[PDB]
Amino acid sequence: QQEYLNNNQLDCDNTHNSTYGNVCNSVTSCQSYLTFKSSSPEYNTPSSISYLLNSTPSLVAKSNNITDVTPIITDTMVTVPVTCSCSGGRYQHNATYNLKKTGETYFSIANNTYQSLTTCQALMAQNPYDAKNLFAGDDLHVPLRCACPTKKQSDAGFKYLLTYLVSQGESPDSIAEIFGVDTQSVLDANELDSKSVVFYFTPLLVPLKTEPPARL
C-alpha cells in the first residue's frame, strides 16, 4: 500500500507527504510499469516515449505488442516498463528532461509533459533551479512515480505495481477489470476504502498478478 496522491499535486504550495513520491516500504528494486498517453508529434513513438520516460524502445514495443518504430495513435494509453528503486526513502524511476521552451514551469513539466507521472513538489525537491529561474536548455532530474509490491502484496501473488493514469469515466471497478484483479486490491494498494473519491488524471497504483495486457 501507498498513500493516494489525492489531487495534492495540483497546488505547488501543497506539502502533503504523498507529493514527494511513493515511500520505500519494500524491496530496494523491482520491475514496475508506467502508463502514458501518446502525444503527437513529440511523444508518439517507442523511441520518443522511451526518451521522455527513460525506458527502452524495445521494452515499450514488447509491452504494447508493436514494433520499436511503429507510430502510436494520439491519446493511446501505452504501458512503459521501468525499473523502480529506492532513493532517499522514496520509490521512483529517474528520468531526465531538457526544457524545450522558456515558459515551461515545474508544474507544466509535471502536469502536462509528464501527465502527472511526477509532481511539482518532487521536481522542486530534487532539482536546484528556482521556479522563477527556469530556461530553455536546463536539464531536470525527473522522479517518476512507481512502487514495488510490499511483502503482503507479494504474499497475495502480486508480482508488479503499475502506475495507472486515470481517465474520464473510469473508476476503481473498471480499472481493476482491465487488469484481472479485484477492486478491493486496487483500493488497498492506494489506502482507499469502498467509499472514497478517485480523481481523473491522478496516478493510481494497480497491483498486477502478471504482466499487463498488450492493449488497454
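Residue numbers here begin at 1 and follow the sequence given.
Engineer: Can you tell me which stretch has the higher mean Cα B-factor, 127-135 or 80-88?
Structural biologist: Higher mean C-alpha B-factor: 127-135.
Engineer: Which has higher Cα B-factors on average according to the PDB entry: 159-167 or 181-189?
Structural biologist: Stretch with the greater average CA B-factor: 181-189.
Engineer: Please pick out which of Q115, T102, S108, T119 has the largest Cα B-factor as recorded in the entry.
Structural biologist: It is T102.
Engineer: Could you look up the Cα B-factor of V197 in the entry and say which third of the chain it sits in: lowest, middle or highest?
Structural biologist: CA B-factor rank for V197: lowest third.
Engineer: Per the entry's values, where does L53 land by CA temperature factor relative to the rest of its chain, in the lowest, middle or highest third?
Structural biologist: For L53, the deposited C-alpha B-factor lands in the middle third.
Engineer: Quick one: classify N64 as lowest, middle or highest third of the chain based on its Cα B-factor.
Structural biologist: Middle third - that is where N64 ends up once the chain's C-alpha B-factors are sorted.
Engineer: Among the chain's modelled residues, which third holds the C-alpha B-factor of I175?
Structural biologist: Middle third - that is where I175 ends up once the chain's C-alpha B-factors are sorted.
Engineer: Would you check the entry's CA temperature factor for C148 and let me know if it's in the chain's lowest, middle or highest third?
Structural biologist: Middle third, going by the recorded CA B-factors of the chain.
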